[PDB]
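Two forms, one protein chain; structure tokens for each follow separately as structure 1 and structure 2.
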Structure 1
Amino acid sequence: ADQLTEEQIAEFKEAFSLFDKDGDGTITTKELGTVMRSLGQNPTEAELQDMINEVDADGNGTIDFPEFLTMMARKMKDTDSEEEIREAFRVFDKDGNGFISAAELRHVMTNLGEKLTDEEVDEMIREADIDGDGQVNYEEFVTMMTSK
């Protein structure tokens, strides 16, 4: 897309491989829903169909990364950008206490098909844990999200 920076597009490309598990560079509605459900959403097939029809220029029913990029695009009031990050965090912080715990990270990773050990989950937490309290808060989550 043209509203996204180089950095931003790079991160989504990586995020995209999570839908595109087979690594052929294209996803269908099947893979769109599976991932969305894994992150606590639940679109109806009709809803996916409608959304995918905007960017699916051919009739194939499958899309690729740049079509994906535009499928995520929309008109946003300033408040919407931060509201979204704030809400992604709350996908991790499942109990709303303001801190992502190791058990919680573990929940998201395993939900997304990521394979890692408990020790490695602790490591992930530790590396994001800037203030050293052993969990991840909002500011720390944002910092990690936007860092090369």
Structure 2
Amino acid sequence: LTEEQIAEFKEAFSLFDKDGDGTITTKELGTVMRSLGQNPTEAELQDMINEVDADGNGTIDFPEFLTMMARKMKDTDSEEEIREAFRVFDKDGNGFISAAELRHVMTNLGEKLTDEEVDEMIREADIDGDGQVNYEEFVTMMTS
């Protein structure tokens, strides 16, 4: 609903819409889900899209995505959402996101970050200077 939120969500939409055709398909959603360790079936992917597909055209457009994000903001448990997100990044489950783990996640998400880009993400999140990102640092990065 705010213009700042719309801009953030537009950037989020772009990650799913890899071909920039303005729609998210089952292929695109599946690609992202699998990159996050999930193993959905095509039937599941179609059902996921169907839920947010207001016009029944089989894909998600930005307006539909916005409606979905507004719904998420109001119904979802924000604290649990951040904990589950941290666990996605922390592949080995040791409590810290390493630069390698971050790069692996981003690469899976189709973002082929440069060495400099990865270093910047870690440096900015790494408040305590140990070279990795702990949970508190992650929370601070996402909420402030």
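Rigid core: the largest C-alpha set superposing within 1.5 Å between the two forms. Counting starts at 1 with the first residue of structure 1 and goes up one by one along its sequence.
After superposing the rigid core, the Cα of residue 92 is displaced by less than 2 Å between structures 1 and 2. When two forms of a protein are overlaid on their rigid core, residues whose CA moves 2 Å or more are considered shifted, and residue 45 is not one of them between structures 1 and 2. Relative to the superposed rigid core, residue 32 undergoes a CA displacement smaller than 2 Å between structures 1 and 2.
Per-residue C-alpha deviation between structures 1 and 2, core superposed: residue 73, 8.0 Å. Here the two forms are laid over each other by their core, and the C-alpha of residue 105 is off by 0.6 Å between structures 1 and 2.
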